[PDB]
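We begin with a single chain expressed as structure tokens, specifically the form deposited in one PDB entry.
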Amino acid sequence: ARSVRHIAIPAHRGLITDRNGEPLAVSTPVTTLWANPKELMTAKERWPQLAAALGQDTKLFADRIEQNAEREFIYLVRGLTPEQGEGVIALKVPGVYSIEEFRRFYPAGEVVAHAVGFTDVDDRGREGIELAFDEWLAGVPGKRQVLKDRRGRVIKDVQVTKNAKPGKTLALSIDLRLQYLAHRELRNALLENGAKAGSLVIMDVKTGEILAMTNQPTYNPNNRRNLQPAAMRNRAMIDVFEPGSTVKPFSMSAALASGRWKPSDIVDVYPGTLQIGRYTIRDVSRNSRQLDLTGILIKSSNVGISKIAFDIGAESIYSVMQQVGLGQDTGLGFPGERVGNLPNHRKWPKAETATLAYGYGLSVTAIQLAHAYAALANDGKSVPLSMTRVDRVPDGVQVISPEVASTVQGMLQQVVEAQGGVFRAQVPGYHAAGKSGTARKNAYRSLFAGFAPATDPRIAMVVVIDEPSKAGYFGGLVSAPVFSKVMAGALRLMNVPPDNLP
């Protein structure tokens, strides 16, 4: 006859912005149309006009109502624009009611899809920052009393028992200007090399802020109809890999901290191979005998780093990679975020000791690698990672001694600047530093990791490109130029003064 019931007042989801207030995810009013079927069933002459307005076949529409005749609630359509919800309401069909809902719009679309993420049908986080800060963004549903007749018809609008609590604004650490650049250059690099995937992370070495995170492939999160799982993967945070030679700078920090090695020390890498039981450590270029520690990094000698590893022990190298966060929790609390793995031993056999030293048998992500490189560039101090704007920087942890970190920084500027090094990584007007890699996954993963300006580091960057299909596949040929192009732009967009001066 008369029953009081309660309907949910859905809340506004919080505005996401970039670090400078550029909107990245904006809650847009939509209209969900619902029908009371037992009510519809006394205005059957209206159904054809409604079916046609909802773009439905007349008999399919009528069978639907006639099927659910005993029900008092069916959805007609969720999430129409107001201008098409209202056009249906305008037919005045007895028992057709409307709900002002919210649906997300992403003004930057595919450029920042993986980082900002995606909302499900109920407007809840499903991916990236939407899933991570879902509780902060979500607000809380309101609650409204409704007097209902014995047919399921709304007798009245009684009195809201609770108010909708709207979710809060979130400013990302991401700089849309650097994100756009990182997106564009990584996309050009994929198509130019005919590669399958790629990731590029830009970090602030002083604050722990992620300034850009892009992956190929990506997707338009405004196109809800054809989600392909592959193109929605935030590769930077969920796709693990062996970092290969890009961990050699950590093996070297272990060596310089041991008390057993200085940069002017020599290793004999003749004849470019080294047998270790039934495994052969192999150098790409094999016309070397004596190399200085700096030369081992410039030539990327696997034998060279392996010999240093046999002398200092795997434990010292494991402990550096552990301290800088390789295969360790990032703390970022993105669900489904993979941590990869750092293998441990009580007794390190010779083979595992060598492969660790040149980055095999560990699995890391592009965000971990960028974070280790940020700790090296910021004088051996690791600042906690952040995907939201940092106004008050937390205390960092000293993970490599400042003198060792400074010495490895210099060796990495020679890797970029010296005869025979990775010249494609050179950032005109600046001193740049870092290290190439190329991992057998014949198909390859092309890596460059570094930071700039060398004289006072501000930015760390990782570029990873999976299976370039042109003739050049070395990280130094494929990823270095991307790091170069994006670094030139990123430093200039940050008004970092060019440091290649007298």
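Definition used throughout: the rigid core is the maximal C-alpha set that superposes within 1.5 Å between two forms. Heads up: residue numbers just count along the shown sequence, starting at 1.
Omitted here: the form deposited in another entry. The next part is about that form.
Just one of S316, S98, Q322, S401 moves its Cα by 2 Å or more between the shown form and the other one on a rigid core overlay, and this residue is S98. A movement of the C-alpha atom of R150 reaching 2 angstroms or beyond is seen between the shown form and the other one when the two forms are aligned on their rigid core. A43 shows a C-alpha shift of 2 Å or greater between the shown form and the other one [criterion: core-superposed Cα displacement of 2 Å]. Core-superposed comparison between the shown form and the other one: CA of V160 displaced by 2 Å or more.
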